[PDB]
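Heads up: the structure comes next, in structure tokens.
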2 protein chains.
Amino acid sequence: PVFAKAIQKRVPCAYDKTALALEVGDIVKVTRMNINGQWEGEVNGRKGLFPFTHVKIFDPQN
Amino acid sequence: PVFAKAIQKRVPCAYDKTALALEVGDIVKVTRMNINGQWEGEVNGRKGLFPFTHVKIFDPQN
């Protein structure tokens with residue numbers, strides 16, 4: 001054991017630039033599937049990857 | 001291929017339960033240091049992994 005001082009802050013959170021963010025209800029135009037358990041899609045002007053479990057397909061005009 | 005609706009919020013931030021959180025100034029009991037990137041230490045009761053670059057080992061000499 002030895003002791004040291006923390007000179008720089010360090011957060012245990014990582015950001016995934018490739019991940020599409022989702023709000024419940026956001027409408028997703030899924031664009032590709034089977035990308036290692038993810039689907040690529042887009043909502044509004046943003047696109048990215050996400051777990052398909054977070055969405056459900058629906059018929060565009062019910 | 002389809003349109004789906006977000007049925008669950010999803011955030012582009014992933015959490016590393018093994019990473020030791022550091023605040024500038026925190027005193028770190030470094031318990032092990034691999035010449036393999038991350039060092040192991042603890043601040044107060046919490047132990048975890050961290051990048052040596054975020055700490056300065058105290059030097060008895062000044």
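Quick note on naming: the chains in the structure tokens go A, B, ... in the order shown, residues restart at 1 in each chain, and ligands are numbered from 1 in order of appearance.
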
| query | Which neighbours of region 18-20 of chain B fall inside 12 Å, counting only C-alpha atoms, when residues of the same chain fewer than 3 positions from it are skipped, and could you give them as a ChimeraX atom specification? | reply | /A:6,9-14 /B:14-15,23,26,28-30,38-52,54-55

Could the residues in this selection be saved with N, CA and C atoms as a PDB file, in the first residue's frame?
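This is the output file result10.pdb:
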```
ATOM      1  N   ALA A   6      -5.822  12.752  -5.277  1.00  0.00           N
ATOM      2  CA  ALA A   6      -6.526  12.754  -6.552  1.00  0.00           C
ATOM      3  C   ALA A   6      -6.309  14.112  -7.147  1.00  0.00           C
ATOM      4  N   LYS A   9     -10.526  14.724 -11.436  1.00  0.00           N
ATOM      5  CA  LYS A   9     -11.799  14.090 -11.160  1.00  0.00           C
ATOM      6  C   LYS A   9     -11.997  12.903 -12.084  1.00  0.00           C
ATOM      7  N   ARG A  10     -12.768  11.936 -11.627  1.00  0.00           N
ATOM      8  CA  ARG A  10     -13.027  10.757 -12.429  1.00  0.00           C
ATOM      9  C   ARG A  10     -14.414  10.155 -12.144  1.00  0.00           C
ATOM     10  N   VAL A  11     -15.260  10.210 -13.170  1.00  0.00           N
ATOM     11  CA  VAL A  11     -16.646   9.740 -13.134  1.00  0.00           C
ATOM     12  C   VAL A  11     -16.759   8.335 -13.703  1.00  0.00           C
ATOM     13  N   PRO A  12     -17.460   7.438 -13.009  1.00  0.00           N
ATOM     14  CA  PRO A  12     -17.623   6.056 -13.484  1.00  0.00           C
ATOM     15  C   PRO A  12     -18.723   5.899 -14.571  1.00  0.00           C
ATOM     16  N   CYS A  13     -18.907   6.940 -15.377  1.00  0.00           N
ATOM     17  CA  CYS A  13     -19.872   6.932 -16.447  1.00  0.00           C
ATOM     18  C   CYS A  13     -19.134   7.103 -17.761  1.00  0.00           C
ATOM     19  N   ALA A  14     -19.557   6.360 -18.781  1.00  0.00           N
ATOM     20  CA  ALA A  14     -18.958   6.423 -20.105  1.00  0.00           C
ATOM     21  C   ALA A  14     -20.016   6.849 -21.115  1.00  0.00           C
TER      22      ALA A  14
ATOM     23  N   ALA B  14     -23.037   4.613 -20.027  1.00  0.00           N
ATOM     24  CA  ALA B  14     -22.868   3.307 -19.403  1.00  0.00           C
ATOM     25  C   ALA B  14     -22.109   3.422 -18.067  1.00  0.00           C
ATOM     26  N   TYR B  15     -22.525   2.660 -17.072  1.00  0.00           N
ATOM     27  CA  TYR B  15     -21.905   2.695 -15.765  1.00  0.00           C
ATOM     28  C   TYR B  15     -20.931   1.542 -15.472  1.00  0.00           C
ATOM     29  N   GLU B  23     -12.637  12.439  -6.603  1.00  0.00           N
ATOM     30  CA  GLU B  23     -12.866  13.872  -6.557  1.00  0.00           C
ATOM     31  C   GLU B  23     -11.477  14.500  -6.346  1.00  0.00           C
ATOM     32  N   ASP B  26      -9.301  14.035  -3.068  1.00  0.00           N
ATOM     33  CA  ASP B  26      -9.579  12.787  -2.356  1.00  0.00           C
ATOM     34  C   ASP B  26      -8.242  12.111  -2.041  1.00  0.00           C
ATOM     35  N   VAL B  28      -6.177   8.827  -1.652  1.00  0.00           N
ATOM     36  CA  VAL B  28      -6.317   7.456  -2.129  1.00  0.00           C
ATOM     37  C   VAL B  28      -5.351   6.416  -1.594  1.00  0.00           C
ATOM     38  N   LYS B  29      -5.901   5.367  -1.005  1.00  0.00           N
ATOM     39  CA  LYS B  29      -5.076   4.304  -0.483  1.00  0.00           C
ATOM     40  C   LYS B  29      -4.888   3.397  -1.669  1.00  0.00           C
ATOM     41  N   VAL B  30      -3.758   3.510  -2.352  1.00  0.00           N
ATOM     42  CA  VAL B  30      -3.567   2.628  -3.484  1.00  0.00           C
ATOM     43  C   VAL B  30      -2.974   1.339  -2.963  1.00  0.00           C
ATOM     44  N   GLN B  38      -4.556   0.187 -15.174  1.00  0.00           N
ATOM     45  CA  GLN B  38      -5.273   0.588 -13.984  1.00  0.00           C
ATOM     46  C   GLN B  38      -4.736   0.108 -12.651  1.00  0.00           C
ATOM     47  N   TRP B  39      -4.812   1.009 -11.685  1.00  0.00           N
ATOM     48  CA  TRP B  39      -4.379   0.754 -10.338  1.00  0.00           C
ATOM     49  C   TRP B  39      -5.631   0.552  -9.504  1.00  0.00           C
ATOM     50  N   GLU B  40      -5.445  -0.127  -8.390  1.00  0.00           N
ATOM     51  CA  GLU B  40      -6.505  -0.449  -7.478  1.00  0.00           C
ATOM     52  C   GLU B  40      -6.281   0.319  -6.193  1.00  0.00           C
ATOM     53  N   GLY B  41      -7.310   1.002  -5.718  1.00  0.00           N
ATOM     54  CA  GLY B  41      -7.164   1.743  -4.491  1.00  0.00           C
ATOM     55  C   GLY B  41      -8.517   1.963  -3.880  1.00  0.00           C
ATOM     56  N   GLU B  42      -8.565   2.739  -2.809  1.00  0.00           N
ATOM     57  CA  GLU B  42      -9.832   3.053  -2.188  1.00  0.00           C
ATOM     58  C   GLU B  42      -9.796   4.387  -1.487  1.00  0.00           C
ATOM     59  N   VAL B  43     -10.948   5.034  -1.442  1.00  0.00           N
ATOM     60  CA  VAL B  43     -11.078   6.300  -0.750  1.00  0.00           C
ATOM     61  C   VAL B  43     -12.245   6.061   0.203  1.00  0.00           C
ATOM     62  N   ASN B  44     -11.966   6.177   1.497  1.00  0.00           N
ATOM     63  CA  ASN B  44     -12.957   5.921   2.536  1.00  0.00           C
ATOM     64  C   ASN B  44     -13.339   4.461   2.500  1.00  0.00           C
ATOM     65  N   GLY B  45     -14.613   4.170   2.333  1.00  0.00           N
ATOM     66  CA  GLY B  45     -14.953   2.769   2.317  1.00  0.00           C
ATOM     67  C   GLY B  45     -14.967   2.127   0.950  1.00  0.00           C
ATOM     68  N   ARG B  46     -15.012   2.955  -0.086  1.00  0.00           N
ATOM     69  CA  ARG B  46     -15.100   2.442  -1.442  1.00  0.00           C
ATOM     70  C   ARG B  46     -13.801   2.133  -2.151  1.00  0.00           C
ATOM     71  N   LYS B  47     -13.735   0.920  -2.696  1.00  0.00           N
ATOM     72  CA  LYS B  47     -12.569   0.433  -3.409  1.00  0.00           C
ATOM     73  C   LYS B  47     -12.952   0.402  -4.877  1.00  0.00           C
ATOM     74  N   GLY B  48     -11.963   0.313  -5.771  1.00  0.00           N
ATOM     75  CA  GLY B  48     -12.222   0.258  -7.204  1.00  0.00           C
ATOM     76  C   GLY B  48     -10.972   0.344  -8.072  1.00  0.00           C
ATOM     77  N   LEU B  49     -11.165   0.469  -9.385  1.00  0.00           N
ATOM     78  CA  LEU B  49     -10.046   0.602 -10.309  1.00  0.00           C
ATOM     79  C   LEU B  49      -9.939   2.027 -10.790  1.00  0.00           C
ATOM     80  N   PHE B  50      -8.733   2.441 -11.151  1.00  0.00           N
ATOM     81  CA  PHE B  50      -8.529   3.794 -11.658  1.00  0.00           C
ATOM     82  C   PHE B  50      -7.232   3.961 -12.443  1.00  0.00           C
ATOM     83  N   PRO B  51      -7.154   5.015 -13.266  1.00  0.00           N
ATOM     84  CA  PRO B  51      -5.987   5.342 -14.093  1.00  0.00           C
ATOM     85  C   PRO B  51      -4.983   6.081 -13.225  1.00  0.00           C
ATOM     86  N   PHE B  52      -3.737   5.619 -13.211  1.00  0.00           N
ATOM     87  CA  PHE B  52      -2.744   6.280 -12.375  1.00  0.00           C
ATOM     88  C   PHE B  52      -2.601   7.756 -12.665  1.00  0.00           C
ATOM     89  N   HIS B  54      -4.532   9.937 -12.693  1.00  0.00           N
ATOM     90  CA  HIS B  54      -5.386  10.820 -11.928  1.00  0.00           C
ATOM     91  C   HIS B  54      -4.967  11.057 -10.514  1.00  0.00           C
ATOM     92  N   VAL B  55      -3.809  10.521 -10.160  1.00  0.00           N
ATOM     93  CA  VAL B  55      -3.298  10.672  -8.810  1.00  0.00           C
ATOM     94  C   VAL B  55      -1.807  10.981  -8.743  1.00  0.00           C
TER      95      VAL B  55
END
```

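For these identical-sequence chains, chain A and chain B, a least-squares overlay on all C-alpha positions gives an RMSD of 1.9 Å.
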
| So how far away is CA of residue 31 (chain B) from CA of residue 4 (chain A), in Å? | 10.6 Å

| Suppose you want the space between CA of residue 16 (chain A) and CA of residue 17 (chain B); what is it in Å? | 16.5 Å

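Between CA of residue 3 (chain A) and CA of residue 35 (chain B) the separation is 17.1 Å.
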
| task | Assign secondary structure with DSSP using the backbone only, and return the residues of chain A in strand (DSSP E or B) as a ChimeraX atom specification. | result | /A:2-6,10,13-15,19,22,27-32,38-43,46-51,55-57

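With only C-alpha atoms as the basis for measurement, B:8 is the residue among B:37, B:8, B:57, B:1 that approaches residue 25 (chain A) most closely.
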